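Written below as structure tokens is the structure these notes are about.
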Amino acid sequence: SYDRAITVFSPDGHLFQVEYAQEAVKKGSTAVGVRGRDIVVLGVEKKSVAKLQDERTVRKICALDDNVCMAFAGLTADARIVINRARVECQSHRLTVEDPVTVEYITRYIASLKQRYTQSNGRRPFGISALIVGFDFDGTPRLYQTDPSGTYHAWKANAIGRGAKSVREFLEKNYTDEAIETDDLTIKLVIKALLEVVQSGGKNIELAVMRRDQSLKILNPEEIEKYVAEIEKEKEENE
Amino acid sequence: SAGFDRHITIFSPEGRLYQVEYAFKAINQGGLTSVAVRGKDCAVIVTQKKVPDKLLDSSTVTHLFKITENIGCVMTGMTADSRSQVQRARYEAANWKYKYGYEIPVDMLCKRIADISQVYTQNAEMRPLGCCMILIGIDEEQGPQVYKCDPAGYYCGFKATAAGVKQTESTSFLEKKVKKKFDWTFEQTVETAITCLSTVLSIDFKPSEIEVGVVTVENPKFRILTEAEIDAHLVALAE
Amino acid sequence: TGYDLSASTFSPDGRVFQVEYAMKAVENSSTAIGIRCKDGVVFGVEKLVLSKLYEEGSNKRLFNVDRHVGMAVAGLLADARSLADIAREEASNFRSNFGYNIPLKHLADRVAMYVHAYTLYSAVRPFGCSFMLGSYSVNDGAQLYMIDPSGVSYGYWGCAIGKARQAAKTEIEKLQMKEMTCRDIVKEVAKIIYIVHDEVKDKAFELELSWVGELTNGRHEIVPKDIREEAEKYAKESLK
Amino acid sequence: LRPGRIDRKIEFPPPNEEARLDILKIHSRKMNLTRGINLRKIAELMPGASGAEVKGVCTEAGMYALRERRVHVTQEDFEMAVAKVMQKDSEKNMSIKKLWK
Amino acid sequence: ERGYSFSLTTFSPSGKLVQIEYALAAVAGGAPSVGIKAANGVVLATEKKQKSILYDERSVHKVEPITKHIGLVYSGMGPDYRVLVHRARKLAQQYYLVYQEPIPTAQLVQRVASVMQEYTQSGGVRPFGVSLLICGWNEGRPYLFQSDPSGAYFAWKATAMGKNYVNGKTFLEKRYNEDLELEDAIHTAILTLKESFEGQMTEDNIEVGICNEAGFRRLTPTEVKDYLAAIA
Amino acid sequence: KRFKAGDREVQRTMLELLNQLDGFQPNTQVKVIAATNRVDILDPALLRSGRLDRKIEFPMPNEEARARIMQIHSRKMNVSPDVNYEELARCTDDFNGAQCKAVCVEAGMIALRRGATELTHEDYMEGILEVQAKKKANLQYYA
Amino acid sequence: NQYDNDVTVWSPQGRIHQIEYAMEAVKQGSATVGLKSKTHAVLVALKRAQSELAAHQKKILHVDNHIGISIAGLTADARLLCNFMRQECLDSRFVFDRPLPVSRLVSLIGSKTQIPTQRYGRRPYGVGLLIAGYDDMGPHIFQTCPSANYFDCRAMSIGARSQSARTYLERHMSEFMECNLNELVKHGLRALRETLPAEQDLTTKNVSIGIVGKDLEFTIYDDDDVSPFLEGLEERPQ
Amino acid sequence: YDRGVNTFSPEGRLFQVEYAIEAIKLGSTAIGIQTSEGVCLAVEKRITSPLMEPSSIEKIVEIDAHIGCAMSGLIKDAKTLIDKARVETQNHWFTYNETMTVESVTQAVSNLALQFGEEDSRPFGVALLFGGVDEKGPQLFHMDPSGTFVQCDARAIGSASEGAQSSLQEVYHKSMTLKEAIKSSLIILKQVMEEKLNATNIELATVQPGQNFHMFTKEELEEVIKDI
Amino acid sequence: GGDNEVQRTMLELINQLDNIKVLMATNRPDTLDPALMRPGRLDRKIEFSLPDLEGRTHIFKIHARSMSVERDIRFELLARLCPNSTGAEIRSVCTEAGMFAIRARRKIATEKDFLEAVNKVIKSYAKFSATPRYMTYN
Amino acid sequence: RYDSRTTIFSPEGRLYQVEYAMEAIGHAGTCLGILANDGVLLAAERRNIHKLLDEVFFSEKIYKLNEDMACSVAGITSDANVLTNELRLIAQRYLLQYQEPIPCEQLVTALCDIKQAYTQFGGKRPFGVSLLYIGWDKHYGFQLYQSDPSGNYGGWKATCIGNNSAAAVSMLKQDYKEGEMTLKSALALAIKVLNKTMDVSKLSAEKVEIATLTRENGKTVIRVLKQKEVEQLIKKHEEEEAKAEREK
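Protein chains in written order, with the working numbering: chain A, 15 to 253; chain B, 1020 to 1258; chain C, 85 to 324; chain D, 41 to 141; chain E, 11 to 242; chain F, 7 to 149; chain G, 256 to 493; chain H, 1443 to 1670; chain I, 35 to 172; chain J, 1490 to 1737.
Set out below in structure tokens:
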């Protein structure tokens, strides 16, 4: 009976509502974030179009600022509202301090945006576990993952959404300095990583790559198909 | 028939606001009854003053209050709430005169008093006032007037009304009276109120057992008949 | 049950239970009495010293609302002190707003309305202290008012608040308070109080008195120590 | 409802027009139908008619005759009976009915 | 829906905001009012029957004006009517001071209804349990709108709230010809009430207002008596 | 109360007792007294006119009563002459008298484990925690 | 029963169960003995230590140069009340440029404490205070239980296992008036050493003494500072 | 009686701060030893996965140049207090141009703690060990969600506090050196630790009076451990 | 019904109770008659709480005194991994520990087995409280 | 059960109230917008069509937000007014601030945040109103947007909400036309879909409501076809229907 409020501790010091909140993130599409030497790739799976609705109004990977993109999981209604606030925060800090936002700060603000909602009753937590990736660090690539709890974490590679356990296990054993050593090699890893898509369609994988002092680049469904093909060609070494 | 009740803002399934309903049943907890009879040019209010102690300062045990130089009111119900309703009224009239340049007609003073009671029935902030008010005043262009504002905010124009434990017979007695149309002389009206209160209770009405208020068109001022006069009136009723 | 948890809920029979409970917690207080002499009002309160370690005259229940008014809280003390502070802020705002001492009746009415103001909201509970006000004025005689928790306030020639309310009027009802000057009333208020307070229960006790009238010249200050001594002696001699 | 205990879970939907017509013909086989009694038009008058209600039209169409001491049931004996058996309750309140646009 | 009946800000499992419905019960159990839009104007009627002769029938009037060209008739908790009218006259007024033209009856109901909807969005405020019939003659075409406690405003031609409303509507659809005139309309309106008012239609028992080309006006006891005498 | 079940034997026992109680009139030296801890399950017949009608009400003791009650069950023990039984009552609420004895008996025991003769005030207080099964731990956030 | 979750509900027997419970907070903390003589106000606190190698909890706080208090109850609340007094005295010193008398401070502490007992939204201050200060009307020892009631005490003993400390003081109250500085404190330490379990005896680490006198401000004697008062203390019979 | 910080149990307890206090037990062990030379400070990192950067997990954080922080419990709550800790000490310097004492800061953070139900929320689910050197000397301060702030010669927070504290009581005495305190603390942490102690599993941090710089240990944690 | 048959058997036991000492065990005391729990029949009520840490390391050693464990096992460590665990679930941790040592043919039940044991006996059924929802505690 | 407040998370992570709300759309009237080049249409159903009900607005289900934006509604009446009120005020603010029409999608996001914001702060009931948007902009031309009570929106080429949404949506798929979506084909399908989705047959003209949006000489006329043209529209579909029976 200690789960019908947000600021009521359970007998064992648990914030059960926050624990339930991370249940939404496990029910979104798999979003994997791997940070490379010069291109921090982050992908989205389970694109799952409806065959009669345009996919532009579906975008799940959004660039919070010119140097930081943000791919989320969780419930969409809250994801749009968090991104809008973060986008406004990236510009507002820029005006207050000339230097543009870094990836870690925006994550700290996003985690600061979520946390203030889980702290008090009469307000529901954002149920999104967002992967914050961006080169704006001005030299060092950096990808973070938030948590509807309010804790931001830094991973050299991640997996959020429905299948984090499967993707994450398959990602640790295949991520090495050799793998990240090449840009096209770096993207080949995520495409391989998200290749464990619920149905492994190979056609519902969307990877977006951002490069040092570059601009975001939503891979077109011709370069991805080539990369999906190329990765398939590389995987063709099994026989 | 308790209903959802426990909250004044939650309708019963039938469309009956039980909490407001219970207000009236609190009205007769005062254990007393007041009757107002409108004559040809006068209105007389008679109340029950049952002082249950030889120590009580009889001067301040009155149920009759003077809202304004031309309007007099009697409370039937909880003394504490009736006092607040009296005090709220006085401001409402004084704001009426100060705001429009003339004394507030007895018509509205029950309306504004009723309107105040009505919002306490919607916004679950104030527990409703458990007392009915009767406003008597010599109104220009409309002769003497009587009004009775209930806990739920319903006010009506009464040729004669009575609120208290014995309301059903008091009104039935009056209902028997008003119908055999007669010249309601000031003596007739004052007598009518005394008989109504007497018959229902079955009491002799010793001089001090009641507090009769009187307002007449000739002298449009609220007066409380001094104990000598009620005895004179009472003896007149006997013969 | 169900209707007895919130002060703003009316029982189907039509009453605010919360107020009733508080008025029935005042029954669990020390007896307090008030008698208005022909030119004043007298307050005599039994104070039960709950243990030998509270210094004499502590947590006193006889308060001075204003220069001329008097309070004799009977009931939960902590609630009383709160009611005292509100009264003084009501008086102080009076004298500064109308240039003269707030008449006892109006001080009781405003103080009564405040008390009734707390029996209307669920966010607050009704006051648990019912108090008697006393004052004397050459322009207004002597006035004594009992403000019970519910908000009702009408004056009493002599009243008692506490465990022994019925026992306290009965022996107060046998006095002609209309005439005797509270010079002689203090000897009577003190004599009354000792009749109440059966010794076998409640063990030890102490008695505090105060008066308002000509004798005080319009103030409420405590009866001079000398007067009390004989008064207590005078009441003590009435053991038979 | 787990296979192994209830293997097939057969659904019985309200009959269609070619099903209401068939029902109206299996329960009016013993009836003394006149000529020109279009059992299909009666069926077309009965959208979503349960299937036991269809027999109610046949018992009622026959009940409209026993009150007249006949043995033959005409078309108007039916259409006047497809309104009795296949009756409906409306919300009888515009206040509630526009709650939802 | 069994436990979700109380709170007005918690959807029932079937998507039913029950509390609004129960408020509509309070309307469906109130004084019968009838409205008919005759091609010459709008006629409204309601039964002002008191509980005893002790009442002064002329004290409280149900058929009321808002501006010179709009009036209201209610079937539900009275006192909740008054709070509605005042926010109606103020709203009708607040339109005049800003635009200087009499508020179109469509807008008034759009904002007299939007007043209702305000109280049905938070816990701690009961819904306005009084359905309203609003008559007006604006832009040369009679108008008859019904705003409900639920916040939905209709465009009724002729309806009747309150006790025995189902029967009243059936009498209409029967004796309502879209091509009447205000004179005939008043007779029909009175008759629709006559199907439920349990008693003789005394001139201090039925209160009728006519929303014609010139403006709305609560019929004086006599004229109704002229009307009631004719019908009877 | 009442209830062919197998309780038609106790039902005969009650009606028999019901029978005799009304059988003999007052004025006799056969005054009867019966004790029950649950009077909401007794037959109304058992308490109507000539049966146990003047019903005696036994309350859960008040605070002063508890201070006394805790004394009577402590006389036969060597309780220390400084044991503010009154203070004990304040800490001992919602206590049925029997539980008010449990503190006394527990108080003596608690002294035993400590190897004392006279029951100190503390021993009594520890009983007021062990009579209700509570285990007093010095929680840290108080200081 | 069901009436014992909020201070804003009156129990059938006429009690506000929440305040009764808050009252229970006082007994949780380590007992403090408070006793004033004709010439000084000395209050002794039995400090507790969380662990073997942890410093022992501070029980005697500093309210002003003429008003000091002992806390027996919640740590957070005692701090909140201590902050209020200091701010209250600081304004009192700043406004009237006079030492605010203990009676006036204690009255204000009660008024701030009584609001929580009547308006939902806060919990009763679970801090029982022995207000010790020296004003112009002689030394004083006030105590404010969480029920917002303060009694003018000759000597009082609140805190864990306190009833022993009270029983010693009531037995030796009459002699308290004509006390020298050291005799009064040696009584009080004798009071606290009554509360201690038989095994425990008053050590330099677990007893803190706060004395305020005629020409003396509130000095908080701890660790070695306690020894000068501790030294000469009589051994407990055993 | 355990559904708000506002409800008092019949025994007198706030059954919400306790559950917050229980929330620490689900944390990670952290040990604190205060030595005349300085104060040692260690914590079990408990890396969630090799991918996660060890520097993202902040279990020892620097309040300022002179007082580090050891945490255990809800990360968000501790951060909300830490940032409440970095700011005030800087403020204490700004408004007073001096270094705030450890006892002075731990007063500041706890002042935020005594507000879960003392405003006009929930007891912060973290307790903090504050290590630093001040005018009076070296000094370690520990506080819990309940708001009590107290000083410990050697304290351990988080899970296994009971075992760690008892194993600390035996091995600690007033006369340690910084070198000997660190070794005993690591032996205690390694003893009570679930994984084999090494350079990436735990992180040390020391604050000497004369060496107020280097509020961390970077790659020489290996050297300290290898000599265990 | 026959239930009152059982009840009259208790009332024949309540009368009986009130050199003979009586014990009673009840994992659910709240279902016992208030009369039978009064301090006139059951004068003493011992509460068997969940062990504290210093006892769980003792409950462990009691059940492991016959196990073929490796000399070194940090039972103190295994006591803090079984928080709020009863005196029996500590036993199954010792019984499962070997079963892990029997599944894989090691005749010495090493420490690594126990942590694998405490994951299956205690943690495996304790709560959800998982990584994704446990990266909030550090 | 965890359906007491709109801000309580179910153990599986589902905001039940939002499921209860959006599911509530089922009781509402049916609105559909078909695929169409050089246009897009909305077709609503007048659920309550009683006789005594004077028709004064003629557009009970289709609202015009901006000079080139129209949105229907399917849900609570009260909430529908407040959202349509907030929608227009949002659109006109954009015109005032940028002196440029609000480019469709930013209108939906503005409203969707308002609707979503209710699904976050407690004490406000989740807006139980989905509403189709059609319109044109200089950015992507004709567009269709499907708002949900849970705030989530989405571009669409042909969709139906409310009563029998399943039947309409599938059929709009079954004969779904891409590229070849001329307005005339859209009208025929739109009435064609309502024929079976609307239980009452014959799609009586007054019982249907079509509003079309076209880009004419850069004016963007938003049309609400009058009964006369619907009659011929219903007749146009009616004539086409008979020719299909020739198979037998």
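Every residue gets a Cβ at the ideal spot worked out from N, C-alpha and C, and that includes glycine.
Would you please state the rounded distance, in angstroms, between the beta carbons of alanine 160 of chain I and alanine 143 of chain I? I believe it to be under 8 Å.
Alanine 160 of chain I to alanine 143 of chain I, Cβ: 22 Å. No contact.
Could you check how far apart the C-beta atoms of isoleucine 119 of chain C and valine 126 of chain C are, in whole angstroms? I think they sit under 8 Å.
5 Å
Go to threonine 1235 of chain B, then tell me how far its alpha helix (DSSP H) extends in each direction, as first and last residue.
Where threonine 1235 of chain B is concerned, there is no enclosing alpha helix (DSSP H), although the beta strand (DSSP E) it sits in stretches over 1229-1235.
Nearest-angstrom Cα separation, counted from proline 1452 of chain H out to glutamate 1495 of chain H:
Whole-angstrom Cα-Cα distance: 48 Å.
How would you list, in chain order, the residues of chain E whose beta-carbon sits under 9 Å from the beta-carbon of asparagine 1570 of chain J?
Those are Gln120, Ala123, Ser124, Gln127, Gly161, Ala162 and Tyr163, listed as they occur along chain E.
Note down, in chain order, all residues in the segment 1647-1664 of chain H with a beta-carbon under 7 Å from any beta-carbon belonging to chain G.
For the segment 1647-1664 of chain H, which is checked against every Cβ of chain G, not one residue is closer than 7 Å.
Listed in chain order, which residues of the segment 170-198 of chain E have Cβ atoms closer than 8 Å to some Cβ of chain J?
Within the segment 170-198 of chain E, the residues whose Cβ lies closer than 8 Å to some Cβ of chain J are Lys179, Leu182, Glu183 and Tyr186, listed in chain order.
Where do the N-terminal and C-terminal ends of the beta strand (DSSP E) with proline 152 of chain E fall, by residue?
151-157
In terms of residues, what are the limits of the beta strand (DSSP E) holding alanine 226 of chain C?
For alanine 226 of chain C, the enclosing beta strand (DSSP E) has its first and last residue at 225-231.
Taking 8 Å as the CB-CB limit, is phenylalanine 23 of chain A close to chain H?
Nearest CB-CB separation between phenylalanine 23 of chain A and chain H: below the 8 Å threshold.
From the DSSP secondary-structure annotation, give me the bridge partner or partners of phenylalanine 215 of chain C.
Beta-bridge analysis with DSSP links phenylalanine 215 of chain C to C:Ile231.
Spatially closest choice to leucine 1722 of chain J from J:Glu1501, J:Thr1709, J:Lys1732 and J:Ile1699, by CA coordinates
With distances taken between Cα atoms, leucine 1722 of chain J lies closest to J:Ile1699.
To the nearest angstrom, report how far apart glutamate 128 of chain F and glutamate 93 of chain F are at their CA atoms.
A straight-line Cα-Cα distance of about 11 Å links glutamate 128 of chain F and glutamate 93 of chain F.
Rounded to whole angstroms, what's the CA-CA distance from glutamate 124 of chain F to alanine 106 of chain C? Just pull it up for me.
43 Å
Is there at least one Cβ from chain F nearer than 8 Å to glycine 284 of chain G's Cβ?
yes
Would you mind stating whether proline 231 of chain E and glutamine 1137 of chain B have Cβ atoms separated by less than 8 Å?
no
Could you tell me the alpha carbon to alpha carbon distance between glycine 74 of chain I and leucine 1610 of chain H, rounded to whole angstroms?
About 47 Å.
Got a sec? Which residues, its chain only, sit under 8 Å from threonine 422 of chain G by beta carbon, not counting five neighbours each side?
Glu449
Using a Cβ-Cβ cutoff of less than 7 Å, which residues in the same chain neighbour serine 1674 of chain J once the five nearest sequence positions on both sides are dropped?
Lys1666
Taking any Cβ of chain H, which residues in the segment 108-129 of chain I have a Cβ under 8 Å from it, in chain order?
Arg108, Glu110, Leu111, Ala113, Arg114, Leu115 and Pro117
What are the boundary residues of the alpha helix (DSSP H) that includes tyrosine 158 of chain A?
No alpha helix (DSSP H) holds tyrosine 158 of chain A; the beta strand (DSSP E) holding it covers 156-159.
For the beta strand (DSSP E) that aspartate 1576 of chain H lies in, which residues bound it at each end?
From DSSP, the beta strand (DSSP E) with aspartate 1576 of chain H extends over 1570-1576.
Under a Cβ-count criterion, where at least 16 other Cβ atoms within 10 Å of its own Cβ denotes burial, should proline 492 of chain G be classed as buried or exposed?
exposed
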